[PDB]
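The file my_file_14.cif comes next; it holds mmCIF, N, CA and C atoms; chains and numbers go by the auth columns.
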data_target
#
loop_
_atom_site.group_PDB
_atom_site.id
_atom_site.type_symbol
_atom_site.label_atom_id
_atom_site.label_comp_id
_atom_site.label_asym_id
_atom_site.label_seq_id
_atom_site.Cartn_x
_atom_site.Cartn_y
_atom_site.Cartn_z
_atom_site.B_iso_or_equiv
_atom_site.auth_seq_id
_atom_site.auth_asym_id
ATOM 1 N N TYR A 1 123.828 89.018 101.763 0.00 1 O
ATOM 2 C CA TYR A 1 123.650 88.667 100.323 0.00 1 O
ATOM 3 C C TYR A 1 122.560 89.537 99.698 0.00 1 O
ATOM 4 N N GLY A 2 122.093 89.175 98.535 0.00 2 O
ATOM 5 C CA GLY A 2 121.030 89.985 97.877 0.00 2 O
ATOM 6 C C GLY A 2 121.235 89.983 96.360 0.00 2 O
ATOM 7 N N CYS A 3 122.358 89.495 95.897 0.00 3 O
ATOM 8 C CA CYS A 3 122.609 89.467 94.426 0.00 3 O
ATOM 9 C C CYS A 3 121.333 89.075 93.674 0.00 3 O
ATOM 10 N N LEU A 4 120.663 90.026 93.078 0.00 4 O
ATOM 11 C CA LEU A 4 119.409 89.710 92.343 0.00 4 O
ATOM 12 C C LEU A 4 119.177 90.747 91.238 0.00 4 O
ATOM 13 N N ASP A 5 119.098 90.307 90.014 0.00 5 O
ATOM 14 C CA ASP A 5 118.858 91.255 88.890 0.00 5 O
ATOM 15 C C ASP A 5 117.358 91.301 88.565 0.00 5 O
ATOM 16 N N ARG A 6 116.956 92.105 87.615 0.00 6 O
ATOM 17 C CA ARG A 6 115.502 92.176 87.278 0.00 6 O
ATOM 18 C C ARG A 6 115.297 92.371 85.770 0.00 6 O
ATOM 19 N N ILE A 7 116.285 92.069 84.973 0.00 7 O
ATOM 20 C CA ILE A 7 116.126 92.240 83.499 0.00 7 O
ATOM 21 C C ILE A 7 116.883 91.140 82.749 0.00 7 O
ATOM 22 N N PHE A 8 116.661 91.020 81.468 0.00 8 O
ATOM 23 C CA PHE A 8 117.367 89.963 80.688 0.00 8 O
ATOM 24 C C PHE A 8 118.365 90.596 79.713 0.00 8 O
ATOM 25 N N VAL A 9 118.573 91.878 79.811 0.00 9 O
ATOM 26 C CA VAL A 9 119.534 92.551 78.891 0.00 9 O
ATOM 27 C C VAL A 9 120.941 92.538 79.495 0.00 9 O
ATOM 28 N N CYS A 10 121.243 91.558 80.302 0.00 10 O
ATOM 29 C CA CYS A 10 122.598 91.496 80.924 0.00 10 O
ATOM 30 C C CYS A 10 123.594 90.818 79.976 0.00 10 O
ATOM 31 N N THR A 11 123.244 89.686 79.427 0.00 11 O
ATOM 32 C CA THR A 11 124.182 88.994 78.496 0.00 11 O
ATOM 33 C C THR A 11 124.795 90.004 77.523 0.00 11 O
ATOM 34 N N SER A 12 124.004 90.921 77.035 0.00 12 O
ATOM 35 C CA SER A 12 124.538 91.940 76.086 0.00 12 O
ATOM 36 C C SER A 12 125.433 92.927 76.835 0.00 12 O
ATOM 37 N N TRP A 13 125.061 93.281 78.033 0.00 13 O
ATOM 38 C CA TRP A 13 125.890 94.236 78.823 0.00 13 O
ATOM 39 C C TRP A 13 127.187 93.555 79.264 0.00 13 O
ATOM 40 N N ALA A 14 127.097 92.332 79.713 0.00 14 O
ATOM 41 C CA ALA A 14 128.319 91.605 80.159 0.00 14 O
ATOM 42 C C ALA A 14 129.395 91.658 79.073 0.00 14 O
ATOM 43 N N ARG A 15 129.013 91.501 77.834 0.00 15 O
ATOM 44 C CA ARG A 15 130.017 91.543 76.734 0.00 15 O
ATOM 45 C C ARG A 15 130.208 92.981 76.244 0.00 15 O
ATOM 46 N N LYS A 16 129.510 93.915 76.830 0.00 16 O
ATOM 47 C CA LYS A 16 129.650 95.334 76.396 0.00 16 O
ATOM 48 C C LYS A 16 130.549 96.105 77.367 0.00 16 O
ATOM 49 N N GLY A 17 131.029 95.457 78.393 0.00 17 O
ATOM 50 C CA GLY A 17 131.907 96.159 79.371 0.00 17 O
ATOM 51 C C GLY A 17 131.045 96.775 80.477 0.00 17 O
ATOM 52 N N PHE A 18 129.789 96.426 80.524 0.00 18 O
ATOM 53 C CA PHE A 18 128.891 96.990 81.575 0.00 18 O
ATOM 54 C C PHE A 18 129.412 96.641 82.970 0.00 18 O
ATOM 55 N N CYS A 19 130.235 95.635 83.074 0.00 19 O
ATOM 56 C CA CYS A 19 130.771 95.253 84.412 0.00 19 O
ATOM 57 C C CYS A 19 132.095 95.975 84.667 0.00 19 O
ATOM 58 N N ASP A 20 132.333 97.064 83.984 0.00 20 O
ATOM 59 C CA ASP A 20 133.613 97.801 84.185 0.00 20 O
ATOM 60 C C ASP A 20 133.412 99.307 83.987 0.00 20 O
ATOM 61 N N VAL A 21 132.638 99.695 83.012 0.00 21 O
ATOM 62 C CA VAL A 21 132.419 101.152 82.778 0.00 21 O
ATOM 63 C C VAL A 21 131.027 101.562 83.260 0.00 21 O
ATOM 64 N N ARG A 22 130.034 100.760 82.996 0.00 22 O
ATOM 65 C CA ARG A 22 128.655 101.109 83.445 0.00 22 O
ATOM 66 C C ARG A 22 128.298 100.337 84.720 0.00 22 O
ATOM 67 N N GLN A 23 129.200 99.532 85.210 0.00 23 O
ATOM 68 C CA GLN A 23 128.913 98.753 86.450 0.00 23 O
ATOM 69 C C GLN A 23 128.187 99.633 87.474 0.00 23 O
ATOM 70 N N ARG A 24 128.572 100.875 87.580 0.00 24 O
ATOM 71 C CA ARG A 24 127.905 101.783 88.558 0.00 24 O
ATOM 72 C C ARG A 24 126.387 101.588 88.514 0.00 24 O
ATOM 73 N N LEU A 25 125.857 101.261 87.368 0.00 25 O
ATOM 74 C CA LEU A 25 124.386 101.052 87.260 0.00 25 O
ATOM 75 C C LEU A 25 124.066 99.555 87.293 0.00 25 O
ATOM 76 N N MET A 26 124.944 98.739 86.777 0.00 26 O
ATOM 77 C CA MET A 26 124.690 97.269 86.779 0.00 26 O
ATOM 78 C C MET A 26 124.835 96.706 88.196 0.00 26 O
ATOM 79 N N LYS A 27 125.545 97.394 89.046 0.00 27 O
ATOM 80 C CA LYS A 27 125.725 96.901 90.440 0.00 27 O
ATOM 81 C C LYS A 27 124.387 96.432 91.019 0.00 27 O
ATOM 82 N N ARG A 28 123.375 97.255 90.950 0.00 28 O
ATOM 83 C CA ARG A 28 122.050 96.856 91.509 0.00 28 O
ATOM 84 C C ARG A 28 121.102 96.391 90.397 0.00 28 O
ATOM 85 N N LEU A 29 121.400 96.703 89.166 0.00 29 O
ATOM 86 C CA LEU A 29 120.500 96.274 88.055 0.00 29 O
ATOM 87 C C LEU A 29 120.699 94.788 87.740 0.00 29 O
ATOM 88 N N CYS A 30 121.906 94.382 87.457 0.00 30 O
ATOM 89 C CA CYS A 30 122.148 92.943 87.140 0.00 30 O
ATOM 90 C C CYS A 30 123.487 92.487 87.722 0.00 30 O
ATOM 91 N N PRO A 31 123.516 92.350 89.020 0.00 31 O
ATOM 92 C CA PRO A 31 124.751 91.906 89.707 0.00 31 O
ATOM 93 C C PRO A 31 124.989 90.418 89.449 0.00 31 O
ATOM 94 N N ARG A 32 123.995 89.727 88.958 0.00 32 O
ATOM 95 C CA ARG A 32 124.160 88.272 88.683 0.00 32 O
ATOM 96 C C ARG A 32 125.163 88.061 87.545 0.00 32 O
ATOM 97 N N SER A 33 125.049 88.829 86.495 0.00 33 O
ATOM 98 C CA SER A 33 125.991 88.674 85.349 0.00 33 O
ATOM 99 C C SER A 33 127.374 89.224 85.717 0.00 33 O
ATOM 100 N N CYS A 34 127.485 90.514 85.898 0.00 34 O
ATOM 101 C CA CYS A 34 128.807 91.105 86.258 0.00 34 O
ATOM 102 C C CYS A 34 129.285 90.539 87.599 0.00 34 O
ATOM 103 N N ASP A 35 128.411 89.891 88.322 0.00 35 O
ATOM 104 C CA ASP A 35 128.810 89.310 89.637 0.00 35 O
ATOM 105 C C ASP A 35 129.074 90.420 90.657 0.00 35 O
ATOM 106 N N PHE A 36 128.119 91.283 90.869 0.00 36 O
ATOM 107 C CA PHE A 36 128.314 92.381 91.855 0.00 36 O
ATOM 108 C C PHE A 36 127.721 91.980 93.209 0.00 36 O
ATOM 109 N N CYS A 37 127.518 90.710 93.426 0.00 37 O
ATOM 110 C CA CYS A 37 126.944 90.260 94.728 0.00 37 O
ATOM 111 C C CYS A 37 127.648 90.979 95.882 0.00 37 O
#
Just give me the structure of the file as structure tokens.
Amino acid sequence: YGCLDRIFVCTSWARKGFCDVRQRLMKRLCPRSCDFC
């Protein structure tokens, strides 16, 4: 395991497609929102 983010700008990314186009960076930045656990 390890799913752990470190910022609060995920809610905006989650609705911005960050879990599909920018996921490459959200994977370790905010896996809690996009669910990259």
All residues 8 Å or closer to residue 33 (chain O), only C-alpha atoms, same chain fewer than 2 positions away omitted, as a JSON list (two decimals) with N, CA and C atoms, keeping the file's coordinate frame:
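Produced file out_17.json, reproduced below:
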[["chain", "number", "residue", "atom", "x", "y", "z"],
["O", 10, "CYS", "N", 121.24, 91.56, 80.30],
["O", 10, "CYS", "CA", 122.60, 91.50, 80.92],
["O", 10, "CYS", "C", 123.59, 90.82, 79.98],
["O", 11, "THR", "N", 123.24, 89.69, 79.43],
["O", 11, "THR", "CA", 124.18, 88.99, 78.50],
["O", 11, "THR", "C", 124.80, 90.00, 77.52],
["O", 14, "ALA", "N", 127.10, 92.33, 79.71],
["O", 14, "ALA", "CA", 128.32, 91.60, 80.16],
["O", 14, "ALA", "C", 129.40, 91.66, 79.07],
["O", 30, "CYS", "N", 121.91, 94.38, 87.46],
["O", 30, "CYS", "CA", 122.15, 92.94, 87.14],
["O", 30, "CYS", "C", 123.49, 92.49, 87.72],
["O", 31, "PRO", "N", 123.52, 92.35, 89.02],
["O", 31, "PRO", "CA", 124.75, 91.91, 89.71],
["O", 31, "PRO", "C", 124.99, 90.42, 89.45],
["O", 35, "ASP", "N", 128.41, 89.89, 88.32],
["O", 35, "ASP", "CA", 128.81, 89.31, 89.64],
["O", 35, "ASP", "C", 129.07, 90.42, 90.66],
["O", 36, "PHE", "N", 128.12, 91.28, 90.87],
["O", 36, "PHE", "CA", 128.31, 92.38, 91.86],
["O", 36, "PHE", "C", 127.72, 91.98, 93.21]]
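The two atoms in question, atom N of residue 6 (chain O) and atom N of residue 37 (chain O), are spaced 12.1 Å apart.
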One decimal, Å: what's the distance from CA of residue 2 (chain O) over to CA of residue 17 (chain O), could you say? 22.3 Å
Would you compute the distance between atom C of residue 27 (chain O) and atom N of residue 15 (chain O)? Give it in Å to one decimal.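 Calculated distance between atom C of residue 27 (chain O) and atom N of residue 15 (chain O) is 14.8 Å.
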Find the axis-aligned box for region 16-34 of chain O, covering all its listed atoms and adding 5 Å on each side, and write its centre and edge lengths in Å to one decimal as JSON.
{"center_x": 127.1, "center_y": 94.9, "center_z": 84.0, "size_x": 23.1, "size_y": 23.7, "size_z": 25.1}
Can you pull out every residue within 8 Å of residue 19 (chain O), counting only C-alpha atoms, but drop anything in the same chain fewer than 6 positions away, and send it as a PyMOL selection string? chain O and resi 13+26+34
Name the residues of chain O that fall into alpha helix (DSSP H) according to DSSP on the backbone, using the chain letters and numbers of this document, as a PyMOL selection string. chain O and resi 10-14+23-29+31-34
